[PDB]
Each structure stands twice: as structure tokens, then as C-alpha cells.
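Step one of this worksheet: look at the structure below.
Below, chain A is the first sequence line, B the second, and so on; all start at residue 1. All values below were derived from every heavy atom in this structure, side-chain atoms included, with hydrogens, water molecules and symmetry-related copies excluded.
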Amino acid sequence: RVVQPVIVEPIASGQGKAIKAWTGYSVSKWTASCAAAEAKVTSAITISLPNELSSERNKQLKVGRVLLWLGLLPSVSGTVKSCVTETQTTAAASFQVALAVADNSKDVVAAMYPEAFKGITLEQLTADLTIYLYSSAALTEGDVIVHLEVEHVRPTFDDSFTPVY
Amino acid sequence: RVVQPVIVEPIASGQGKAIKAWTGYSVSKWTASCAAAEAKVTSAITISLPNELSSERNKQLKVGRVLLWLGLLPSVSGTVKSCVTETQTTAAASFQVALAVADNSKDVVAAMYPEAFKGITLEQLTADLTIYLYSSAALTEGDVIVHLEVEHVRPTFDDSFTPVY
Amino acid sequence: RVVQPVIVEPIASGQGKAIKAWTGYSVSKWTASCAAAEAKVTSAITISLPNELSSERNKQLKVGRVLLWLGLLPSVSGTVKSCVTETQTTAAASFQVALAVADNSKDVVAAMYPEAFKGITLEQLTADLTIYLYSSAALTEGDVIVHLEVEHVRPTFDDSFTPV
Amino acid sequence: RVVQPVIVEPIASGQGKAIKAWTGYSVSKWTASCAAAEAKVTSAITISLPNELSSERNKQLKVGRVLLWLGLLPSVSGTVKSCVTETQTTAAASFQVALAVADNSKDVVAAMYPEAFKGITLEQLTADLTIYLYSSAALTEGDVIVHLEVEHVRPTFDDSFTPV
Amino acid sequence: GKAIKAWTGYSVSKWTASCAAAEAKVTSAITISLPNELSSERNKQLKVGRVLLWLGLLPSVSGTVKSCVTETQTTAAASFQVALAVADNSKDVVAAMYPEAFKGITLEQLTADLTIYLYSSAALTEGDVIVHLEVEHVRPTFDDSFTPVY
Amino acid sequence: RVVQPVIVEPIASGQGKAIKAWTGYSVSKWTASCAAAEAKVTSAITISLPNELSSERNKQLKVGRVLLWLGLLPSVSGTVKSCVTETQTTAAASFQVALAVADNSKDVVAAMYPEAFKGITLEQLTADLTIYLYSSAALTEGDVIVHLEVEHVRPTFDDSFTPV
Amino acid sequence: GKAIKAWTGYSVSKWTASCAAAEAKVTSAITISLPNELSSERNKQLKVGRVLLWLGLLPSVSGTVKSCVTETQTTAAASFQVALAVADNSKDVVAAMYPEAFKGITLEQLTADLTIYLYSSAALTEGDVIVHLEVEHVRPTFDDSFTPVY
């Protein structure tokens, strides 16, 4: 083949292509504020459904892909790592078996799970999975906000009013 | 015309036909718990958006039809009336100008507003409208739960993940 | 005809079908606040045009149908009745000649006058008709708001600015 | 449309049309006997699967629609209300969030839940939902029988004998 | 000699405000309040077209009288420096026409964001000046039918 | 597919492709000069409309996409970060919820907000959003110029002279 | 009653200048400064069409106030003798429209070659008069896109 000249166009933060939800799915996005932690400790963060997903009908919605990313205070230093895995007996061990890890030392600070949790219900997601957060430096409560974006079947129960009788 | 014989089939509570949201709309349903009130007092209840609708994008979604109904403790006695109207200077006066009133002395305890608030944004709904609740008997806090069902344009911002960059 | 089973679907307050104005007509809606009155007294309420209809031109517009309904404070008890009639010498006698009465003891507290006043002008409506309000219990001022909805030929005076 | 005269034919108790289960579904019907309760108390009644649905396999069957109705002793007086809701911290609060209430003051003492619980399994029905029963007068045990009819995917575990 | 016709699908609502008492050379703020027929939540969303302000003075009112419609000001007298038109009784045509300034805002926004300002070189007794406001706006649809009786 | 050799052609500062406004939109560009701040402090910078957009009519124009980038004095050292978010109770928390951050440690010191603020008016942009600026080292006033480029519906109020 | 529409491919930029303090009967020079959105080298080359000057006075300003746009003068008061239009508060229409005088010059040339002149028979306090300048010019193309991020 003949050499092809290319020009790599720089893009700004936020310009990345957004991953579109599957047909019939929507992406629910919510946050967890980290707890205070000593240096080099890995903390478990429970996954709790937002109120709009906690109803009897909505708890059963099947999960698709899952995205995890971190919101750090601008002054946070050191290494911050986070992942979603099946609940561990030892919190630190989560990073040894996670299929993706959000690590602030990387160019892209985000962990995508396109297959690992597909097909479970939202309730199962809360019961079986845990978020793990590691910091090389001690964390004050709220230093890190964990953003969890969970793709799931679109709820249908709210496509109509409650019958008036 | 020749007389037509008909049989009126009784239906149970809950069997009423559900009003389907308009194409491109969904129905958000949330509750307000009444405050304590003396007998025959009309109380104003602020309309506050649920967390899932409070974002910058979602606050702008246009309203369609609005439904109001009441959840009373089984032991609540006397007359209970509620309505949604433009915010009043005198709370009791709301019932004099409301286009619909949910009244527990009626066979159907519900107030539907198919036209009165169509086209405003959710933020406008919270800023301009108020729920009014009247009881002939004194109310303890939580005696009445006001159910507000607000049809509005389906949010689109959650049809994709946040770009990872 | 064979028997036809039916289900009567419940409907809520506010779900009733709106009556559409005739082509070339519009519905002007305004309110009158009741005066204080003793128990079982019938009070006369003057019909006054809202500002936008009180001009020389607009008060010539012809009336179609007229709707009356009542807004009660939630604490109002007893029987409240209202009607629109030609002005009476004895206020209570209005109810003996009214063709429709708004009565709070009914499921629909409203009175429709589809023919009685058809063809008169808004000025004639204000000059020849009166609203009558009866309460079994004493009324405090503003206890009852009378809603009058008058269908009339759509104004054309409002289709232009005042010349300057 | 020209006026259509109709005759409303009286129908007796028991003549109402039965709601047919969806294709591939069946309706399982069982009862719960109310516990003694003081006047104006709301009691929680656990939803327990009948023996034939309590196996590991059958408790996975998906729910469709749910019907609640009440069987009262003929001497029971006062107001009796019942509903099915997600389990409540305060029993009386169930009626504030129920989408349907069976109420003996109505002509039809029954509550239908056509959507609220659709898709959950029978095990989830037993684990997440509760029956709530309110009486204005004191209840003696067994005064009220709560009839629960749960539509669910037709069992296939019952299509064969236990292997031997 | 010829009235300015409203745009197709629009109509002109005309109402008045009676001036408050004011000392000489004071600029007074006058709130814009919708008439009753426009005060429903639905009618409050009707889009504005053109706006006309003109003044009705008692024939004995002397001195200079000026008025304008502008976005609400921190200093009332400063309205006349930014107003896109001023009704001024010393001119041949005592009126302020705003064909563009407010096009597209809702009646609610008109009432919330704009203020009428009125200046008089001499003291004003209450009701000496009637401010006339004519607001062209989308024709209401909510009042093309009676209120549902149920 | 057979291996495809490529040559990555170097490009200079300023050679990047410009993002074209949507049809019927235009990009308004203005600056805010940073305030003095201590090391590691996050400062809130109010978003104020330029004079030509501050009229009653123009502040109703709907927003499209928003671009943020930073102009640093050549001597500015340390880490400087900035973002646009909904107004925060704690300024430093903006970076935990921002969908994009302009960061001088990157090759491209800019943040694009293609969806977050789509559909709001310019007035709502000024009233609900805030610019947040963080520096690891102390900032002297004017050390950093924040460039905000807001895509919005093309004004039509500017298509005519003021009537006279 | 009807606004003058800009030519196809043109738009009207409108900005203001706050008058300086001035003694009675002095003519003051006011520099024409482009707004920020027009100050880029590219936007400075946009061709001018028509120009409008009008005045916003505090309602209590008395006496005669005049203003014009002309090529910069050695004697400020002499501007009014050669101005092709003068905004004069004693007239019915207080504005100066220049449909031809500056057609085709660039915005840069407008700022460099022309001056606003303001005369008042009485002393002016700073900000008593706001001069409004509306310059029709070719629509900018440079701001139809975001700045390249690299």
C-alpha cells in the first residue's frame, strides 16, 4: 500500500463521542460521595438505586453496560483508583480481578463494563456489585465523587397516568 | 331509533382505563405529605421537582396534562379537598377559581388539568403553581398524601453515557 | 337489538368536554364576588362588562350562549343557588322564571343559557339581565365567586392599535 | 347523532363478566383469614404462596395482574378497606400509596392491580408486597376473608409426575 | 389616520394604569399588570408582538410629561436614556411604539421584566396621567371554548 | 485488512479545525479576567452577557454548545483548571460534577459542553451557571483570562435599526 | 412605527457612549470605540452601511442638546456646520441618520476617521446624555465557528 498522510486533529475535554444507549435502553446516572479513608486504604461503596428506579416495577429492569468515572476536587493529589466488581471479601482485592479500573494517572479516567454485568436486574446490581475506591493519600469525606452510569431497559410504567378509578 | 338494551358491567377499584401519555411525553409521579393544619384551614403546598427532573436540561421540559389525587389514611374523616392553581394570595380562594377539584366526597377523588398548564416548563410549574389542601377536620402531618402526576416531554439527555473524554 | 354490555369509565373533575364557541364567536370569562347576605336571602349581582368589552364598539357585540358557575370557598356549607334572568322586581322571584339554575347540591354546579339571551348585545346583557345568588346560610363577602362566561361575536376592535 | 334510547338491563350478583387470563397465564386464587384487631387499626397480612406454588421452580413464575376482594361474615358492620402495596413501615400508610382499594362501602368490593406488580415473580410477590386490612369496628379473627387472585405464567412443573 | 393592524394570528390587548402622586421632576415606576382575561397560566404564555404606550393627560396638565417602557432599572430616571422610544407630551405624536424591542417574549415575561416609567416636570396628582399600554400578542386559544362544567 | 502505512503530519498551534456553528446559530465570544486568589483556591466567576446580548429580546436566545478555554500570562506556572457547571454551594465541588475541564497540563487547554446546557436561554446561562477557576499557585488579578464561547440562536433583533 | 431593516448580508451593531462632564455651550468630542465583539482584526475590516446616532437624555435635562457624527474636526463646534445630519433635542425626531456618508468604509476606518460631537446649551454632568450609535455593517463570518481548540 502507498503511505497515507494523516493529520490528528486535537480535541478538547468533553469532545469525545458519546456512547449511545441501546434501542429500548436509557442511561441512569448517579453519584456516591466517598467516605473518609486513611492513606492506601481501599473502601467499599454500596450501590444504591436512585428513588426513580426503586419501585417494584423498575427494580426488575435489565442492566446493559456500566460506566464508572471519578470527580475529584481540583486539589486532590496522589493516585486514585476505582472499580466495580462482584462484592469482595477483601476490598483491596477488587482491583486484582476487575475487568476495568478508573485510574487518575491515566489519560482517560473511566472504567467501562460493556459485558460484565449485562442482563442482571437493577436490584441484582445493588445486591451483587460494589464500588471500590483506593487513594494513595488520605481522603476527607467528599474528596471524591464516584459517578456511576448504568444502562438499563427503559421503564414503561410511567407512560400513562394512574387510573382515576 | 329502536331501544337498545345495555348491561352496565361493574368494575372494581383500579380497573379504570389509564390515560396514556402523549407521544414523546412521559408521566412523572411524585408525592407531597401534608402539613398539620387546624380544622377548615386551606394549606399551600409547594410543588418541588423530583431530583431526576431538577437538572438544567430537564427543568426546561414542557408540561402537558396534570393529574392530582389524594392518599388518605383509612381513618381520616370529614371533607378533604385539593386543587392545583396559580399561586393565590389567599389560600382558600384557590377553590373558587380552580378548574378541577379533588374532593373525597365524590365518587372519583381526582382532579385532572388537561389544558390549564399545557406548554409551561417544569421549572415554571414549580414557580407559578401551588397545591392547595383543605380539610374540614384538623390534619396531623402525614394524614394526607398528595399525588401529583405531571406529563412532560421525555428527557433525552440520558439517552447516552457521558463522554469518557 | 341484542343486549350491549358497556363499562362506564370513571372520569375525574376537570375531564368534562369543553363546549366550543360557535365559529366567529369567542367566550369572555369574568367573575363577580358575592356581597354579604343574611341566611335565605336572594341577592342581586349587577352584570358589569370587563374593561376590554366596555368600549362603545365592543359593547355592541352580539351575545350567543351564557354559562354560569360558582366558586365556593371550601368551607361554605348549606345550599347555594344562582341564576341569570331578566332583572326582577323581587330578587327571589328570579328562580321561579330562570330556565337554568346553578345549584351546589347537584353534581354539576352550573347553569347554561343556550337560547334565552341569544342575539342581544353585551350592553343589553349588562342593562337587562341580573345575576341572582341565594344561600341557605349567611354569606360573608367573597364566600362565593360567580363565574360568568358569555359567548359573543369575536371583537374586531382589538385587531389594531390605537392610531397615533 | 340522533338521541339513542337505551334500557339498562338489571343484572344480579354473580352476573359480572369474568376477566380472562392472558394467553399462557393462569389465575391462582387463595385466601387469608384476618387477625383480631381493634377499631380503626390497619393490620398487615403476609402474602404466602399456596403449597402448589411454593416450590423452587414455581415461585419463579412471573406475575401478571392481581385481584383483591373481601369475604365478610354477614354480620360485619362498619367500614372495611383493604389493599395490596409494597410493604410499609406504617401499616395505615398503605392506603395513601395504593393504586386501588377494596372498600365495602362501594358497590364492587374489590381492588384490581393490572400494572403495579406486572413482571415480578411469585417469590417477589410474597417477599415485597403485603395485604393491608382496615376496619372501623373491632374485628374478630376470621371476620374477614381476604381473597387474593394472582395471574401468573402457567406452571409447567405440574405437567409431569415426580420421577421415581 | 389609519390604525396599525395586528399580525395574522395576533390581537391587541389595551389597558391603562392610573399614575400615582409624584413630586416635581421625579421619575415614577409603574408596574405592568396583566388584565384579568390574560392572567391565566395559559394566557400568560402568549407571545408578544409589538407594544404601544401612549398617555392620556387631563387637559390642564402643564409642563413636560414623558413615559417609556424599558427593562426594569435600578435608577428610574435612567430608563429614558436606554428606552428605545419615549412618549413625550412636547412632541407632535405623544406615544412610544416598540415594534421590535419585546417581540417574542411572553406576556408573563412582559410583566416580570419590563417596567413603565413616567416623568413629569411638575407635581402630579394621582390620576392626572393615564398610561395606555397596547400589547399585541398571539390570540388566546384557551378562551375559544367554555370552561368544562365538570 | 492489509497493514496500512501512515505518516502523521505535524500541525502547528492554530491549525486545528474550527467547529462550525449549527445552521441558524452563531458563536458569541467574550472574556472574564480572573480575580486574585490564594494557592489551591477555587474561585467562582460570574457569567455576564456582553452588552449586545443583554437586551430583553436577545437574552431569550437559546443556547447550543459552549466552549471554555484559558488565556494565561506566559509566566503563569503550576496547574490551572477551569470548568462551567451549575452554580455550586462549594466552589471546589464544581470539578467533581463538571463533564469537561480545561486543564493547562493537557495539550488542549479547553473544555467543550456540547449537551449539558443545550436549550437554555442566555439569561438562564447567566443565572444558573458559573465559571470556576482553580490554580495550584497564587493568582494575581488578570493572570488568567477565561474565554467563553457560547453558541446560540442567531439574533434577529440586530437585523434592524432602532425606530426613530 | 416600523424599524428600518438592515440590508441582506448586513447586521446592525448598537452601542452607547456616556457623555463626559462639559461646561455650558461647549462642544465635546467623543471617540468612537468598537465593542469587543467587533475588535478583532477580521471584524475591523467589515464594511459599513448606514449609521444612526440618537440620544438618550435624563428626563430632567433641559436646554438644547445636539450631536452628530463627522470626520474628525480641528474645531469641535465646526462639526455641526458640515455634519450631514444632526440629532437635536428641539426637533420632533431626535436622531441623525447617515444613509450614505459612510457607506463602504470599514469599521476600523469608522473608528479612526470619524468622531462623535455633542453640544449642550447647559452644563452636562457625566452620564447626563447617552449617545447611541447604530452601525450597519457586513455580517461577521469570523464568529460563525468556535475558535480552534488547537
Query raised in the report: Which bit of G:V149 comes within less than 4.5 Å of chain F, counting heavy atoms only: side chain, backbone, both or neither?
Result: both

Report summary line: Bottom line for F:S55: the part with an atom under 4.5 Å from chain G's heavy atoms is neither

Requested in this report: Identify the two heavy atoms, one from F:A18 and one from G:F146, that lie closest to each other, and give their separation to 0.1 Å.
Outcome: CB-O, 3.5 Å

Query raised in the report: Do you know which of F:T162, F:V164, F:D158 has the most heavy-atom pairs with chain G at a distance under 4.5 angstrom?
Result: F:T162

**Report entry** Between F:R65, F:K20, F:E149, F:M112, the one whose heavy-atom pairs under 4.5 Å with chain G are most numerous
**Finding:** F:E149

Query - G:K66 atom NZ, neighbour heavy-atom count above 12 within 6.0 Å - result: no

Report summary line: Separation between CG (F:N51) and OG (G:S13), nearest 0.5 Å, reads 11.5 Å

Report task. Decide if atom CZ of G:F142 counts as having more than 12 heavy atoms of other residues, nucleotides or ligands within a radius under 6.0 Å. Result -> no

Query raised in the report: Side chain, backbone, both or neither: which part of F:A110 has an atom under 4.5 Å from a heavy atom of chain G?
Result: side chain

Report summary line: In terms of heavy-atom pairs under 4.5 Å with chain G, the winner among F:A12, F:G14, F:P50 is F:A12

Query - Pairs of heavy atoms under 4.5 Å with chain G: top-ranked of F:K17, F:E151, F:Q15 - result: F:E151

Query raised in the report: Got a sec: does the CG of F:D107 have more than 12 other heavy atoms crowding it under 6.0 Å?
Result: no

Query raised in the report: Side chain, backbone, both or neither: which part of G:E37 has a non-hydrogen atom closer than 4.5 Å to chain F?
Result: side chain

Query raised in the report: Given side chains that start at C-beta, do those of G:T147 and F:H147 come closer than 4.5 Å, heavy atoms only?
Result: no

Query raised in the report: How about G:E23: does its CD atom have over 12 heavy atoms from other parts shown lying under 6.0 Å from it?
Result: no

Requested in this report: For residues F:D159 and G:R139, report the shortest heavy-atom separation together with the two atoms involved.
Outcome: OD1-NH1, 3.6 Å

**Report entry** Contact origin within F:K29 toward chain G - heavy atom pairs under 4.5 Å
**Finding:** side chain

